[PDB]
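Computed from heavy atoms alone, side chains included, the values below leave out hydrogens, waters and symmetry copies. In what follows, chains are A, B, ... by sequence order, proteins preceding strands, each numbered from 1.
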There are 2 protein chains.
Amino acid sequence: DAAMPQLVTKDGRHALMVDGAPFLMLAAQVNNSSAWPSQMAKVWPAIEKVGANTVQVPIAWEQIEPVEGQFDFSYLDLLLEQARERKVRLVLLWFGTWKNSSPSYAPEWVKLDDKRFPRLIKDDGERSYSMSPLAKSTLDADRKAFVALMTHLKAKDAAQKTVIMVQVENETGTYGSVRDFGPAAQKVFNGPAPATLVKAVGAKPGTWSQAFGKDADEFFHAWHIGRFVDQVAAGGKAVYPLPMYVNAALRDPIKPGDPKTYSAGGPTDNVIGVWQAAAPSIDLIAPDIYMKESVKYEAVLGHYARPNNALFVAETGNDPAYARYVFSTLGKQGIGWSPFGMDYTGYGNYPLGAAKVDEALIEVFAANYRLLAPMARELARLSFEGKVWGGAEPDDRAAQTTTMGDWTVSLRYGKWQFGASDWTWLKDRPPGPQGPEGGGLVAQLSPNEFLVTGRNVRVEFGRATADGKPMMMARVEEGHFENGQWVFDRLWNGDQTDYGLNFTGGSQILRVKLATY
Amino acid sequence: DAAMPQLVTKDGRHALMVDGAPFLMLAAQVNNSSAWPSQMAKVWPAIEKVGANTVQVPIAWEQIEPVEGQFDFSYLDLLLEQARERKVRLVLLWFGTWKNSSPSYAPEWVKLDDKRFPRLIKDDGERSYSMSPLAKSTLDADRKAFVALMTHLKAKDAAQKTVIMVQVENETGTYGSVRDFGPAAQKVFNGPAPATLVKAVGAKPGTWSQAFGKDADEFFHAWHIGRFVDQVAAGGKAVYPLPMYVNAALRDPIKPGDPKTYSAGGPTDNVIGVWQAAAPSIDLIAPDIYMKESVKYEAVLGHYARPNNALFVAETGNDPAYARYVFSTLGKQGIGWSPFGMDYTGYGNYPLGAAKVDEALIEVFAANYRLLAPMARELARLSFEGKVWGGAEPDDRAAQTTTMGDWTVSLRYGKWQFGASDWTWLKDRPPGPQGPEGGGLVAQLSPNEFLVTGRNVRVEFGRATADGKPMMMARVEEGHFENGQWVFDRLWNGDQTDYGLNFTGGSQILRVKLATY
């Protein structure tokens, strides 16, 4: 059988091992109501067009268990077939007790039986629309269904491992109530805070209120949602131990509001530690980023990328401005990135994303994946080894720079293919049609050798070491990957290297040797 | 074997003899990083589209001698094959010790070994990026490689002579240092000025400083670069004596700055005489013109076109405004003209030329070459015989006139195909879409007979001789060349000749007989 995919960590760097090597998920997600046989003719053309190596698809509880204990995995079987025909991998999204905070994807025998499967009670005594994570009934039922899913998946996919990760629930939490205030919940809240949690967050032992103070309510909900999801995940892992993750409806990364106004209890940036402590069976916590401003997008990446949390952008906007952020995510040691809404079913999630999803829109995102897909295994490995840096065009077009050993590396935006970066008389290119669009990635392969790519960007090298030695790009080789192997195309020289390395709208990859003389 | 091409001079007029007759190089140059097998599928379609009879292609030292004494001419062999299939001729550009002042096209065993192959030392004691032309090592190495190239070319092309000229180095000189100030160089500078040079420039004998005064530094660098290139050229000529030339990075033709701010030592207009004296084995000095303003472009042509210097515009911009200057160059007895950057590899040299090179851009230049190519042998001969005059539309659209024997010839711009040139009530055509675009050429075949062509221009004849005799265009015959032979199409008369001869955007050639009555 294919080796089991594994999320791994080495010296604070991450990889998803697929077939025994690091794998970059250049993913896309279908719309929420697309996971049906009738819609697949409107999904696959988009997915093929965008050039994704991985597709995220909902597996709804209501689809798999429409009548209690009568499981139907016929759609999954079809999806596995179609995915394999297209040579893409899958990430299954388990839509059970929570999808965007709500039980709407639970079957009717769950979500219309509140007495048996109870919603949480708010601080004003009225029931929320959102399920109590303290209910053993709901936990047992979601877990049974997830375990059935993992058992069937094991039967149908252990040989090939088409499915490489599974998302457990979708944007957990509750809007409009920071936790469950019903009597069962309050009984627990009045009791001792869990030793595990108290130690994880550096609190003093006591009741929830004593230990956590002003954070008690939000931590109580995060912990309980986490414990619920952990137990769902652990049951599935006991059968088929694929990497598993949770995704986050975000709070603002710079000026977060009160938790009553966001998806409280879900893995927002302030409760990543609580979720880590609550859910050891969940491998990573993934942000869903629908903030178009670069300042915010970069800030989100900063909160979620940690030595103990792999960076995977599980969802992002499909407005064309978002396209370039693949470069920012991979440049911060990301293992994957995924625009949401990539099908031709007619739905568009504007104001989040694009109003209309047609071939022209998908082409915007396709251009980056066509470039990156052939190099994905190489990038994944080099990233894991800690050799990768990159960036996307800021909203203000400011240059980005870093030091990689002896050398400086810079990304500059709005430059032509000719003319020194310091020619103040030469006006920059005008703004992208549909917003900023540039970005770049550089891997330091060894002290003086680099792999360089990008689109709509100038990459420039200088010398960091203040030893006064002059330098040059001694060799710039363009080539491409075939079967994962490098094939020479040409050397760049003269005009092509006098003004940095200028990447336009197509697909070029360079191996650059630097030298002093 | 085909007759050896020869640059010849007769009574201050020039020709490149190819297959024993004058040849006009309607050339185009590929981008600097296009001379590789992988790029030829993006080069040939552009070259075929533009209708060039000659193509300029780099032959890089780094490509031909990647390891010292291990020569590889496989690309040249391929290029010769492909050129012959397309029935174009080649001009090879030797990129060795200098390409735009820099050794970047020398192999690593040259350019990364400064101790063995030394860069010049500036007047502040720090090394330039540019090579010292006083180094015997560098000279011997460049010459050995060039001689190997000429030996291989002789073996593979003596029979057909596909290759008709060779450029020796590319835009020699140094920015930021007017000469070599290192101790070896200063030892020479302190010594006697060369008798040959002193006589060539009309100076008094002495040391470099006494002879040349304020010009001593720049002349020292020009002479030494010239002597270097001369020796490279002479070694090659000793094997295979093709016409050879050098090209110039220009200083301003009207308000030149200090040589520290331009490519000093290269063949700028003030050191053409120094280069002529230094390099008898170089047949002509060719300007590279990236100045779009007609006043400047005309001025450059004036500096370089001399009785002892054939006019060849080795490089010019590929912004559409440049297209018309073929007419100016051929009208000043030019033997060739060449837009730079004519391929579909994605590179564009804006602000010099076009930002994007696509079929639409190339069509602008194609329209002139489609007209001129069938008549190139006839024009070349008539030009050599001193019978050709012409011009391109000035930036201010002013008319151009000359006297050819008994007759006046005028070129007028912005006129319609109907209506007298002196109808002040009739407004001119509006400006070209992408700038000025008109031009014309007239050859006086005998006293009263002319060959006339042009695009977007009105040609009008009058009588120069002030004898009061009335005149007419007695016969205007349109025809075209097939196999170099004239074939009648029709007579122009009536509306077609009442308002001069109006050439629009296509290809027409006329034989015009003038008469008094």
Q: Side chain from CB out, backbone as N, CA, C, O: work out which of these in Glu62(B) comes under 4.5 Å of a heavy atom of chain A, or both, or neither.
A: side chain

(Q) With a strict 4.5 Å heavy-atom criterion, list every residue of residues 318-326 of chain A that contacts chain B, or say none. (A) none

(Q) Tell me if the NZ atom of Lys387(A) is crowded by more than 12 foreign heavy atoms within 6.0 Å. (A) yes

Q.
Would you compute the distance between atom CG of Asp489(A) and atom CH2 of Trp36(B) and round it to the nearest 0.5 angstrom?
A. 11.0 Å

Q. How about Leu352(B) and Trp416(A): do any of their side-chain heavy atoms sit closer than 4.5 Å?
A. no

Q.
Under the side chain to side chain donor-acceptor pair (under 3.5 Å) definition, can you give me all pairs with a residue in residues 503-517 of chain A, not counting sequence neighbours?
A. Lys513(A)-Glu108(B)

**Q.** Shortest non-hydrogen contact between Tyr350(B) and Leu426(A), atoms and distance
**A.** CE2-CD1, 4.1 Å

Q) Under a 4.5 Å heavy-atom cut-off, does chain A meet the side chain of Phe95(B), its backbone, both or neither? A) neither

Q. Which heavy atom of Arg490(A) sits nearest a heavy atom of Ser33(B), and at what distance?
A. NH1-O, 3.0 Å

Q. When you check the side-chain N and O atoms of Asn493(A) and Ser104(B), is any donor under 3.5 Å from an acceptor?
A. yes

Q: Taking heavy atoms only and a threshold strictly under 4.5 Å, list by residue number the residues of residues 361-373 of chain A that touch chain B; give 'none' if the list is empty.
A: none

**Q.** CD (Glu359(B)) with more than 12 external heavy atoms under 6.0 Å
**A.** no

Q. Chain A heavy atoms under 4.5 Å from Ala355(B): which part of the residue, side chain, backbone, both or neither?
A. both

Q | Side chain, backbone, both or neither of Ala474(A) within contact of chain B (heavy atoms, under 4.5 Å) | A | both

Q) Less than 4.5 Å apart, any side-chain heavy atom of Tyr129(B) and any of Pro470(A)? A) no

Q: Compare every heavy atom of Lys99(B) with every heavy atom of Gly494(A), then report the nearest pair and how far apart it is.
A: CA-NZ, 4.0 Å

Q.
Quick check on the structure: residues of residues 110-121 of chain B within a heavy-atom distance below 4.5 Å of chain A, by number.
A. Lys111(B), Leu112(B), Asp114(B), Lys115(B), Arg119(B)

**Q.** Separation of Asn349(B) CG from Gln417(A) CD (nearest 0.5 Å)
**A.** 9.5 Å

(Q) Nearest 0.5 angstrom please: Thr497(A) OG1 to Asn32(B) CG, how far? (A) 8.5 Å

